[PDB]
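Engineer: Chains as they are written, first to last, in my numbering: chain L, 11 to 548; chain V, 5 to 67.
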Amino acid sequence: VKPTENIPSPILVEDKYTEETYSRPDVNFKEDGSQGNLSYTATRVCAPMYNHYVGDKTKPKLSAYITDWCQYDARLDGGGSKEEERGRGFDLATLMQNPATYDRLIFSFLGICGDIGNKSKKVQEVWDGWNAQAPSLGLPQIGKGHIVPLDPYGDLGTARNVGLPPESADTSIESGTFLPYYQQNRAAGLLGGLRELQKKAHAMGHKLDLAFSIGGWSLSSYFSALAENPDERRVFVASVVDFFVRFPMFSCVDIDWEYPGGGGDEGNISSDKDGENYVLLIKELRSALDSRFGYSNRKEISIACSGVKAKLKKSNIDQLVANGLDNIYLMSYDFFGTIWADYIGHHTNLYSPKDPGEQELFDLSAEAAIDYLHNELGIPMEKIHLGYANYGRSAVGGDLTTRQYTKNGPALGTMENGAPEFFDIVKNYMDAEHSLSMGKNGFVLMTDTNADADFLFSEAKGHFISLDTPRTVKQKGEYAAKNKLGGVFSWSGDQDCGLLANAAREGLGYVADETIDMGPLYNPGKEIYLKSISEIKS
Amino acid sequence: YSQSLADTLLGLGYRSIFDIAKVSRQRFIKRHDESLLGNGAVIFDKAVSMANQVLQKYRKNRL
């Protein structure tokens with residue numbers, strides 16, 4: 011970008027929320043940064059919006075995961091629009107008028123009977139619901155290892171923000187009277203809006219692929235019971251068959267066990283042998299699903315791999331490749347987080363500074379994994395898919411020459427003890443308007459001369475934010491195209507009003523002969539020597 | 005309530021009621037959820053009549 015200019019939009023949609031939300035009773039957002047562990051700005055007030063392009067599919071597939079609560083917060087409540095729950099401006103409408111926005115979606119999730127990992131109590135009160143209403147209906151009660159629905163009223167009872175007409179609202183779907191609704195012929199809530207989208211995408215032109223998740227970071231307890239012994243496997247596999255009998259629209263089901271080594275929270279359970287029991291569990295399911303649903307329209311199976319070099323060994327892909335596995339998802343992120351590393355760092359990046367510092371999660375990169383996976387595990391890049399976050403990671407007390415951090419400071423983000431999103435960052439800290447990648451209102455924007463990643467910083471006590479940019483996403487897409495991937499995937503799709511998702515289509519090389527453009531906003535930030543911790547010890 | 009149909013029937017599903025001249029009833033009935041089908045089984049008694057309502061507006065002019 012030899013001496014060249016670009017110009018901003020005069021508004022960024024600017025619907026209801028944010029302009030009043032600024033004053034709400036725990037929105038501690040200093041435009042200078044803070045230890046303010048809560049803030050609530052809506053997505054639709056810094057919005058650049060989507061653009062149509064020629065959608066020729068002979069590329070790595072651009073995809074997204076989804077989670078069911080916008081104002082996400084531990085121990086959820088009833089109702090909405092009033093701090094405890096809010097939609098964050100995420101009406102499904104922005105996808106209903108842009109049905110071609112993704113090449114695949116990945117839904118979440120189901121519980122399991124007896125699985126205290128998802129929840130010991132409230133989900134098991136929905137299971138107490140089944141095991142009371144079902145025999146009253148003459149239907150079978152279900153044992154441990156069967157799948158169960160999470161929230162029948164929130165899943166199928168509700169009608170607002172899921173793109174449905176108001177009268178579609180059905181209030182009877184509480185824990186004593188819900189099982190008769192439990193099939194596609196009675197689809198409602200978001201489970202209506204997804205089925206509606208699959209038709210509308212095909213009605214205007216081309217189709218949509220639809221997977222779903224079971225399990226996660228706190229949600230992997232009973233997998234050590236399930237996989238280990240046939241008597242739990244039978245009830246589970248019969249419940250997956252019963253799910254695809256009830257709901258044929260889904261194309262794919264994925265277990266998200268964290269991890270085949272140890273991995274996740276202390277509520278999760280793993281023996282060393284479960285890393286083999288998982289290969290049995292998936293081969294038994296693959297065999298039962300091949301038996302019931304044939305081959306011409308069979309349901310896909312994929313895995314969530316660690317991006318950490320020791321744990322991709324424990325993931326045991328070099329056995330699964332011989333037992334039946336469609337795709338391999340490189341979740342090479344959470345290499346930094348606000349509290350658990352002794353120094354400031356980065357959620358992931360394309361290129362390590364040289365070394366993983368104190369042998370930590372920080373100073374890793376996406377370059378490291380594929381070099382082993384393609385060669386020492388022998389994997390086709392067309393199975394491999396690259397996962398990435400749609401948010402930043404904050405820290406406090408930072409210095410750039412020594413990376414020292416305020417050891418227990420829960421630095422600012424969106425929601426509640428969670429990450430800052432890029433829209434609320436451009437609203438307060440960062441230029442997206444005037445021909446240079448830089449900070450505003452007293453923030454600065456840095457670029458590490460070792461790793462070449464970018465981060466925001468501030469010259470008070472030391473507010474720091476690791477974040478992605480239009481520059482790096484424009485690069486990651488052209489990288490992923492040349493690096494021969496089966497695809498690339500967002501986490502979670504409700505978090506971008508179009509800032510980086512436009513840059514993803516523009517990065518993968520989708521085109522037309524625009525709402526906003528960014529040429530003189532693809533230049534880099536201030537070239538700081540952010541040393542690896544080995545280069546701070548030296 | 006009717007505008008809830010005209011937002012998305014006219015948003016994507018059909019360009020206009022005149023393009024319903026394509027259909028046969030079973031083709032049309034298959035595509036629609038309860039929020040359409042529970043308020044839609046009457047449509048072809050007047051909408052196929054719409055699909056021959058423009059007919060002579062450019063031939064009654066024979067003088």
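Virtual Cβ for every residue (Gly too), placed ideally from N, Cα, C.
1) For the segment 441 to 474 of chain L, list the beta strand (DSSP E) runs that are entirely contained and at least 3 residues long, ordered along the chain.
2) Which residues in the same chain have their Cβ closer than 6 Å to the Cβ of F257 of chain L, if we skip the five residues on either side of it in sequence?
3) Should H62 of chain L go down as buried or exposed, given a rule of 16 or more other Cβ atoms within 10 Å for buried?
4) Leaving out five residues on either side along the sequence, give the residues of the same chain with a beta carbon under 8 Å from the beta carbon of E41 of chain L.
5) Let's test the definition: count the other Cβ atoms within 10 Å of the Cβ of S223 of chain L and tell me whether it reaches 16, buried, or not, exposed.
6) Look at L220 of chain L and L115 of chain L and say whether their C-beta atoms are less than 9 Å apart.
7) Using DSSP with H/G/I as helix, E/B as strand and the rest coil, what is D42 of chain L?
8) Identify whether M528 of chain L lies in helix, strand or coil by the three-state DSSP scheme.
9) I'd like to know whether the C-beta of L41 of chain V is nearer than 9 Å to at least one C-beta of chain L.
10) How would you list, in chain order, the residues of chain L whose beta-carbon sits under 7 Å from the beta-carbon of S8 of chain V?
11) Is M106 of chain L close to chain V? Criterion is C-beta to C-beta, closer than 9 Å.
12) Using a C-beta to C-beta distance shorter than 9 Å, which residues of chain L count as neighbours of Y5 of chain V?
13) With the cut-off set at 9 Å, would you say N278 of chain L and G285 of chain L are in Cβ contact?
14) Can you name the residues that DSSP bridges to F117 of chain L?
15) For a quick check, are the C-beta atoms of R98 of chain L and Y50 of chain L less than 9 Å apart?
16) Are the C-beta of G202 of chain L and some C-beta of chain V separated by less than 9 Å?
17) Using a Cβ-Cβ cut-off of 9 Å, state whether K209 of chain L counts as contacting chain V.
18) Should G44 of chain V be flagged as near chain L, meaning a C-beta pair shorter than 9 Å?
19) Which residue wins for smallest C-alpha separation from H384 of chain L, given the options L:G334, L:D328, L:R205?
20) Cβ atoms of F233 of chain L and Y288 of chain L: under 9 Å apart, would you say?
21) Measure the C-alpha to C-alpha separation of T168 of chain L and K210 of chain L and round it to an integer number of angstroms.
22) Among the residues of its own chain, which have a CB less than 7 Å from the CB of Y532 of chain L, if the five just before and after it don't count?
23) Suppose only complete runs of 4+ residues qualify. What are the alpha helix (DSSP H) ranges in the segment 298 to 378 of chain L, listed by chain order?
24) Under 9 Å, Cβ to Cβ, is there at least one residue of chain L near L16 of chain V?
25) Looking at C-alpha atoms only, which residue of L:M59, L:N239, L:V37 is the closest neighbour of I21 of chain L?
26) Where do the N-terminal and C-terminal ends of the alpha helix (DSSP H) with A74 of chain L fall, by residue?
27) List the residues of chain V whose Cβ lies closer than 9 Å to the Cβ of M259 of chain L, in chain order.
28) Could you compute how far the alpha carbon of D365 of chain L sits from the alpha carbon of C80 of chain L?
29) Starting from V498 of chain L, trace the beta strand (DSSP E) both ways and give me its first and last residue.
30) Strictly by DSSP, which residues pair up with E93 of chain L?
31) Hey, would you say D252 of chain L sits closer than 9 Å to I313 of chain L, going by beta carbons?
32) Looking only at C-alpha atoms, which of L:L360, L:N141, L:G407 sits nearest to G186 of chain L?
33) Have a look at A514 of chain L and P70 of chain L and give me their C-alpha separation to the nearest angstrom.
34) Alpha carbon to alpha carbon, how far is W267 of chain L from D504 of chain L?
35) Considering only C-alpha positions, which residue in the set V:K34, V:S6, V:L14, V:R63 is nearest to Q107 of chain L?
36) Give the secondary structure of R403 of chain L by DSSP, where H, G and I count as helix, E and B as strand, and everything else as coil.
Structural biologist: Well, looking at it:
1) 453 to 458, 464 to 468
2) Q194
3) exposed
4) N438, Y439, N451, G452, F453
5) buried
6) yes
7) coil
8) coil
9) no
10) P175
11) yes
12) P175, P176, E177
13) no
14) L:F222
15) yes
16) yes
17) yes
18) no
19) L:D328
20) yes
21) 21 Å
22) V11, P480, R481, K484
23) 319 to 324, 327 to 333
24) yes
25) L:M59
26) That residue, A74 of chain L, is in no alpha helix (DSSP H); its beta strand (DSSP E) goes 71 to 75.
27) The contacting residues do not exist; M259 of chain L stays about 13 Å from chain V at best.
28) 37 Å
29) 497 to 500
30) According to DSSP, which records beta bridges pairwise, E93 of chain L is partnered with nothing at all.
31) no
32) L:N141
33) 11 Å
34) 23 Å
35) V:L14
36) strand
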